[PDB]
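Residue numbers (my numbering), protein chains in the order written: chain A, 12 to 225; chain B, 9 to 62; chain C, 2 to 64; chain D, 8 to 230; chain E, 11 to 23.
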Amino acid sequence: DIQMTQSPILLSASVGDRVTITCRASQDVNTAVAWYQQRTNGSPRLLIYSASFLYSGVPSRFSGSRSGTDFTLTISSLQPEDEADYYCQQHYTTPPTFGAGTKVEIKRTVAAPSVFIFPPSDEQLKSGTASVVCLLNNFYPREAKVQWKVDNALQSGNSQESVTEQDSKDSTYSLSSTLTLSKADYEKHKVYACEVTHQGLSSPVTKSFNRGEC
Amino acid sequence: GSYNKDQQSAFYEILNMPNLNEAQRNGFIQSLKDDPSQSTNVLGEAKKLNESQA
Amino acid sequence: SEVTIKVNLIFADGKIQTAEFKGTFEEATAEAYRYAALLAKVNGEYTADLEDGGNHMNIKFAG
Amino acid sequence: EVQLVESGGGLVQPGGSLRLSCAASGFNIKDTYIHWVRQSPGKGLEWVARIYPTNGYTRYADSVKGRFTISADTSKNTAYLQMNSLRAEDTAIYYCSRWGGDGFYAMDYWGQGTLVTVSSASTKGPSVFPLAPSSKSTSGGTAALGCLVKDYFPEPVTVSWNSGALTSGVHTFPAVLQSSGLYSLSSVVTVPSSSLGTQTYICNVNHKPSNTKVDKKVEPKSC
Amino acid sequence: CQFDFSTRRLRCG
Ligand SMILES: OC[C@@H](O)[C@@H](O)CO
């Protein structure tokens, strides 16, 4: 089989920048290499075929080149909508094989999150479980520390985080942290707090509520 | 569609396997119909599954 | 084991990109230098400064 | 317009069987190669099989040979993938694509993809709870609200707001696998504070594997 | 980086 090695695995650059990603075949594949883009929630989409030819409808800022078994994909002027994963593929020999992908992110200015908190719904509380949700909206960069406290006791092992991919309109991130307790545990404590640390904040922000308060 | 004696033989082997359930048995029979060029491979994988479910 | 080499790519006009390479330390290293050499063709001679035991690089291009 | 549409993906037990279909339109599969390609956390993009419907020639990945068969019915402009002796490693989005179409030697159209989940776990529909807007979810004159879609299996679910009329300011978070082996996600939307109480906000949740369809109205809670 | 079904995107780190 033929191996396709892509580098770097992650590249972050500003809008308008020229970016270059690479793909190396483990043996001669002639020019039989294609490049695909995959955007959030999407299927692979053809950008370049036969190493250097632009597929119809693809912006001319995309270009491809070959040097021996080395292949390059260049975006001459990075756009917000270019935020995506990029894959190379050889079709020279069966099986056709794909590279592991390069993730391309957009650099932008620091933005502090809007921080919000949601008690468990009364509806959920009718059952035996309580989910407390801390929301961090529209921030950059991605790095953020979210800690849960229950009656001022730091919580560990009972929350899960999820982060969206970069927003199409402003290149920011949003994050949810969900604290899961039994209903019995929830009804036993009073103060629920999520503390957020992020580069855009001058010091950590705590959003909290007292169980029972409207 | 019609079959040659080898093809018919492959169907017979899968039809008779005692440890396949009916979803599996018919899935493999469907594969034999799908792609005659794969009869030997399909038969081998049916055999492996039948044996593991003994 | 697997490590991540983080790279700052610093271009002659002050623009900065960042990249990551993953693999064994030896593989990721080789890939980072390979990528630097490739960008050098277009962006000028590179110099690579290694910090964090080689696990972070600052790569500047002459233009 | 060229289009490929996969169907048939779903939950199947290890050792089980599933059949996928790939319905082509806007071109004739007799003129091209048709491929199945899958994508998974474990192996990324992985070619599965191909067929040339004009002469019936087929090729397979070594890891699926004997277990999967590809075929095509040109009279229905449709290709198929029979999947037997399924294993955890076969869990993937399955796409069909064409190659050689209009003389382009690359996969230039791919379908939306269909998810195959190989697992002994059982189907479970989600509970949908409101994330009510409140004094703790507002700032700067805008307010956040949402829906918690908790404890479902398998993927996928879909979430929209006001039947798809509301898209601006929506963040639907990636599904996370809980320790229970069930998925959960939240979807939130930011709206003007002044709109709360006058504009109806409903999250439309669909979990086709359990035939669960819920439209949950989200409002400020009464004090 | 690892592909995630939910987003159809690579997730790094
Ligand atoms: O709609 C596909 C996917 O985004 C959901 O199943 C959540 O992961």
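The beta carbon of each residue, even a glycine, is placed where N, CA and C say it ideally should be.
Report the partner residues of residue i according to the DSSP bridge assignment.
i	result
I17 of chain C	C:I11
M25 of chain B	For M25 of chain B, which the question treats as bridged, DSSP gives no partner whatsoever.
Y59 of chain D	D:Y64
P137 of chain D	D:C154
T80 of chain A	Per DSSP, none; premise fails for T80 of chain A.
residue 10 of chain A	Past the edges of chain A, shown from 12 to 225, lies residue 10 of chain A, and the structure says nothing about it.
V198 of chain D	D:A150
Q38 of chain A	In DSSP, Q38 of chain A forms no bridge with anything.
Let me make sure I understand the geometry here. Which of the options has the alpha-carbon closest to that of residue i?
i	options	result
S67 of chain A	D:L122, D:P133 and D:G108	D:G108
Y87 of chain D	D:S32, D:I41 and D:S202	D:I41
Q61 of chain B	B:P26, B:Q38, B:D14 and B:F19	B:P26
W106 of chain D	D:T39, D:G73, D:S202 and D:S82	D:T39
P216 of chain D	D:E8, D:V12, D:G16 and D:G120	D:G16
residue 265 of chain D	D:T121, D:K37 and D:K220	The structure shown does not extend to residue 265 of chain D, since chain D is modelled only from 8 to 230, so the question has no answer here.
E134 of chain A	D:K224, D:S28, D:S24 and D:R26	D:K224
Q100 of chain A	A:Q17, A:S214, A:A204 and A:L146	A:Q17
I11 of chain C	C:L39, C:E52, C:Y47 and C:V43	C:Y47
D80 of chain D	B:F36, B:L28 and B:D42	B:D42
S78 of chain D	B:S10, B:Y11, B:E30 and B:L40	B:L40
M58 of chain C	C:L40, C:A38 and C:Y34	C:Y34
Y47 of chain A	D:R45, D:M114 and D:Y67	D:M114
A68 of chain D	D:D97, D:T61, D:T85 and D:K83	D:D97
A99 of chain D	D:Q206, D:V212, D:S200 and D:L25	D:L25
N49 of chain B	D:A30, D:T76, D:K37 and D:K50	D:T76
Using a 10 Å radius around the Cβ and a threshold of 16 neighbouring Cβ atoms, would you call residue i buried or exposed?
i	result
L138 of chain D	buried
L165 of chain A	exposed
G54 of chain C	exposed
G110 of chain A	buried
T17 of chain E	buried
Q46 of chain B	buried
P21 of chain D	exposed
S104 of chain D	buried
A95 of chain D	exposed
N35 of chain D	exposed
Are the beta-carbon atoms belonging to residue i and residue j less than 9 Å from one another?
i	j	result
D222 of chain D	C210 of chain D	yes
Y190 of chain D	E162 of chain D	yes
residue 230 of chain A	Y102 of chain D	Nothing can be reported for residue 230 of chain A: it is not among the residues displayed for chain A, which extend from 12 to 225.
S47 of chain D	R74 of chain D	no
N169 of chain A	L192 of chain A	yes
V161 of chain A	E206 of chain A	no
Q18 of chain C	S23 of chain A	yes
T83 of chain A	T33 of chain A	yes
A36 of chain A	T80 of chain A	yes
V166 of chain D	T179 of chain D	yes
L146 of chain A	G153 of chain D	yes
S214 of chain A	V202 of chain A	no
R119 of chain A	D181 of chain A	yes
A45 of chain A	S61 of chain A	yes
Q90 of chain A	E154 of chain A	no
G112 of chain A	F13 of chain E	yes
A49 of chain C	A13 of chain C	no
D93 of chain A	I117 of chain A	yes
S125 of chain A	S146 of chain D	yes
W43 of chain D	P106 of chain A	no
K131 of chain D	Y112 of chain D	no
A30 of chain D	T65 of chain D	no
My output table needs one value for residue i: the three-state DSSP class, helix, strand or coil.
i	result
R50 of chain A	coil
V216 of chain A	strand
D115 of chain D	strand
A195 of chain A	helix
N163 of chain A	coil
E206 of chain A	strand
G51 of chain D	strand
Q16 of chain B	helix
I13 of chain A	coil
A37 of chain C	helix
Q61 of chain B	coil
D181 of chain A	coil
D43 of chain B	coil
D14 of chain E	strand
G108 of chain D	helix
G16 of chain D	coil
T81 of chain D	helix
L51 of chain B	helix
Residues of chain F with a CB under 8 Å from the CB of residue i: which are they?
i	result
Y159 of chain D	Here chain F cannot be found, since the structure's protein chains are A, B, C, D and E.
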